[PDB]
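Read through the structure below, which is laid out as structure tokens, and then see the notes.
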Amino acid sequence: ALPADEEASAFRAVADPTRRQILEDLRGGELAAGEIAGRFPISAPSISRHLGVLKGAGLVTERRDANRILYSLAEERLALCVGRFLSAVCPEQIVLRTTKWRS
Amino acid sequence: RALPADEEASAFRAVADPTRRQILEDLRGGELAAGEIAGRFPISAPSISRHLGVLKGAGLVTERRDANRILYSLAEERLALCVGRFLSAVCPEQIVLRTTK
Ligand code: NA
Ligand code: NA
């Protein structure tokens, strides 16, 4: 779990347009694997592989509930792993804010 | 040039690679010659040209001829929107995009 390993696996995960779309779909709340597979014109096993890549990179969490795997966005992990680089290269356009604190 | 969705896709395939992210980070300090970029990595000159051509094709660097030498500049506005719209959409609480001052 070394943070350049975590950056690298996060960048490989968001390299793929299907995986980006799965992450956007999860921003509204937890979705079952079957619901995610229902939204894409590729095979269920191809969606399983995409979801395994996202889970491998810490970008989604998994939970079981009967015969169903439900996926949740891990937005804090994504923000740190991609957002440190992006705010480092684009300091005048992109701000990372992990802090709970607000004005 | 391309639709925003295609500029987004090409930026994400460019920043997929750790050598390309390191090049973009190195360019943060100002324009560098191809040869200087190549000297910052233990990989072949043809491999650095290939990485630079991928960054150029995604609009994340711009190229300039000064006599016989190619110089590269970071295109930070392009990178910020192509990657930052998605990242601020998925992480609204943690990531703020401002294209403007
Ligand atoms: Na979440
Ligand atoms: Na620039």
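Chain identifiers are assigned alphabetically (A, B, ...) following the order of the sequence lines, protein sequences preceding nucleic acid strands; residue numbering begins at 1 within each chain.
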Using distance alone, with no hydrogens and no angle check, list the donor-acceptor pairs under 3.5 Å between chain A and chain B.
from	atom 1	to	atom 2	distance (Å)
A:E7	OE2	B:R21	NE	2.9
A:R12	NE	B:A16	O	3.3
A:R20	NE	B:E8	OE2	3.1
A:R27	NE	B:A89	O	2.8
A:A88	O	B:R28	NE	2.9
A:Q93	O	B:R98	N	2.8
A:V95	N	B:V96	O	3.0
A:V95	O	B:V96	N	3.0
A:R97	N	B:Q94	O	2.7
A:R97	NE	B:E93	O	3.0
A:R97	NH2	B:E93	O	3.0
A:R102	NH2	B:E93	O	3.0
A:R102	NH2	B:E93	OE1	3.2

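- Atom-to-atom distance recorded for B:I95:CD1 and A:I94:CD1 is 7.0 Å, nearest 0.5 angstrom.
- Contact annotation for A:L86: only side-chain heavy atoms (C-beta onward) come within less than 4.5 Å of a heavy atom of chain B.
- Residue contact with chain B, scored on non-hydrogen atoms closer than 4.5 Å, involves the side chain of A:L73 exclusively.
- The CG atom of A:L54 sits 5.0 Å away from the CG atom of A:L23 when rounded to the nearest 0.5 Å.
- Hydrophobic clustering (side-chain heavy atoms under 4.5 Å, transitive across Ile, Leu, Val, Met, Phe, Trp, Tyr) groups A:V82 together with A:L26.
- Each of B:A89, B:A11, B:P18, B:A5 has some count of heavy-atom pairs under 4.5 Å with chain A, and the biggest count is that of B:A89.
- Here the closest non-hydrogen pair linking B:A14 and B:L60 is CB-CD1, 3.7 Å.
- From B:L81, atom CG reaches atom CG of B:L97 across 6.5 Å, with rounding to the nearest 0.5 Å.
- Ring centroids of B:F86 and B:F12 are separated by less than 6.0 Å, placing the two rings close together.
- When hydrophobic clusters are built by joining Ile, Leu, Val, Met, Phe, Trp and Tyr residues whose side-chain heavy atoms come closer than 4.5 Å, directly or via intermediates, B:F41 is grouped together with B:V61.
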